[PDB]
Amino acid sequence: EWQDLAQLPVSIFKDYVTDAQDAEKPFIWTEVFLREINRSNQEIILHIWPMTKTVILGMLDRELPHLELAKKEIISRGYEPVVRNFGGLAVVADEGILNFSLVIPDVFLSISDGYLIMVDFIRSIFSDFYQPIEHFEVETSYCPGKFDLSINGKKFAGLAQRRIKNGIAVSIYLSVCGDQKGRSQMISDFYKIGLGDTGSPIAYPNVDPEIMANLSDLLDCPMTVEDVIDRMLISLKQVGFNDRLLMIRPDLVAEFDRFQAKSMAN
């Protein structure tokens, strides 16, 4: 349970992506924090990173027969395609989507435990609402996962996990407000075009725009990404966590640039 990690301080790193040119910034920090949590395993890092209109593509997506034609579907709605060679299935980010990561040191275990740690955190964050939050895969959502979060059968969040040595990075993309039906239709179009008539052995989701929704709608309570962030930070103190500003030491920036340089030469 989330409250079980309260022994460690939570370092906060709010770093928005305000320009499509910095779209890779969050993923670069993920790498940095995964190493740091291994060197400094006496704390938890809460990396908050909402972004401008972006569609993050993963390993399977880039194998689409007509990829470039598909990316056009993304560009036509004013979103920027970002490719992550080892990332999961296409997910959407924008002003109405909250993305963040919990970088945890393995010092208190399993892949499931990690996901369940996030589920508990989310539930705790919205404990003031009666609507119970469930987890199970919503197969017809984009980027379906065993731990998709939903309320009344509708998915409002997708989770992801990456690990390195004794460090774990659990991430989540939460639909807070905005045009969720549009985000969904965009990805459906992406896969339709990407597959064209060529097809593929890879099982890509068959997106259903009516199966996903914003949390502000599911909770019948208008809220912005900033509102959730605040609610989330407040829930920490109540649960028993002590927090502090994560300081970007020169060393951290240095490591960031190594990962950035690596990417650039690619």
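From 1 onward, residues are counted along the sequence shown.
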item: Between residue 136 and residue 137 - deposited residues without coordinates, as a size class; value: none
item: Residue stretch of maximal mean CA temperature factor, 203 to 211 vs 226 to 234; value: 203 to 211
item: Criterion, highest CA B-factor; candidates, 93, 118, 111, 90; value: 111
item: Criterion, highest CA B-factor; candidates, 38, 30, 54, 216; value: 38
item: CA B-factor ranking of residue 150, expressed as a third of its chain; value: lowest
item: Cα B factor band for residue 101 (lowest, middle or highest third within the chain); value: lowest
item: B-factor third for the C-alpha atom of residue 71 within its chain; value: middle
item: Among modelled residues of the same chain, the CA temperature factor third for residue 12; value: lowest
item: Ranked against its chain, the third holding the CA B-factor of residue 183; value: lowest
